[PDB]
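The block underneath contains the structure these notes are about, expressed in structure tokens.
Don't worry about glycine lacking a Cβ; one is built from the backbone with ideal geometry, like all the others, and counts go over all protein chains shown. Here, each number is a calculation from the coordinates, and none is a lab measurement.
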Amino acid sequence: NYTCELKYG
Amino acid sequence: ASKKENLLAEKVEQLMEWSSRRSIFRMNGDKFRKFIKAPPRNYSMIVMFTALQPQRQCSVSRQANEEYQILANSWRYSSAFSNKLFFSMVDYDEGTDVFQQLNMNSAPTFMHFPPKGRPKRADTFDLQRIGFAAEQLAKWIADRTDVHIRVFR
């Protein structure tokens with residue numbers, strides 16, 4: 001993608 | 001002299017010893033809390049919140065880190081170098097608890113944590129408007145701290 005989506009580590 | 005004054009001086013010495021081995025302090029939540037959140041402090045902290053693990057393929061974080069490296073290297077060699085300003089990074093996969101405390105659901109973000117009080121509106125770098133050239137980061141740092149880091153590559 002073009003965005004860095006952060007959900008769980 | 002005082003108990004709190006002596007602890008502060010020791011804490012700064014610890015950061016200066018870290019400085020001999022790193023230009024940027026890589027922090028987990030414990031270190032973040034100890035060196036950036038906890039009082040007292042007499043130094044400013046710049047922090048890059050990032051997600052650099054290869055599997056995430058966060059291209060922005062990667063490029064931004066390259067600039068941040070150039071910046072922190074410029075600092076290291078600066079005639080303005082001092083114990084009043086430090087550079088840290090917090091990676092999402094190592095400081096997940098920090099991202100959650102700060103309500104961050106993406107990366108990267110550059111923030112200034114002043115020695116007193118909490119970060120102000122302008123203490124979040126406006127990456128989405130400006131980009132992340134080291135020279136622009138340096139401009140922002142100067143605006144927030146009056147420390148002028150002259151970038152070189």
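General observations
- Highest-fluctuation residue, B:38, B:72, B:134 considered, GNM on chain B with Cα pairs under 10 Å: B:38
- Residues whose placed amide H lies under 5 Å from that of residue B:85, excluding near-sequence neighbours: B:44
- Using the Cβ-Cβ distance between residue B:103 and residue B:79 with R0 set to 41 Å, the FRET efficiency works out to roughly 0.60.
- If you run the Gaussian network model on chain B, springs between alpha carbon atoms under 10 Å, then out of B:77, B:92, B:43 the most flexible one is B:77.
- Prolate/oblate/rounded call for the range B:59-103, Cα gyration tensor, a/c under 1.5 rounded: oblate
- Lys, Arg +1 and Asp, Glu -1 on Cβ, resulting dipole of chain B about Cα centre, debye, nearest 20: 340 debye
- Legend: distances between Cα atoms for A:7/B:34; B:34/B:84; B:4/B:34; B:37/B:139; B:37/B:116; B:11/B:116; pairs beyond 18 Å are A:7/B:34; B:37/B:139.
- Working value for chain B: equivalent-ellipsoid semi-axes of 24, 19, 15 Å, each the square root of 5 times a Cα gyration tensor eigenvalue, largest first.
- In the range B:88-142, Rg over Rh equals 0.96, where Rg is the alpha-carbon radius of gyration and Rh the Kirkwood radius from pairwise Cα distances.
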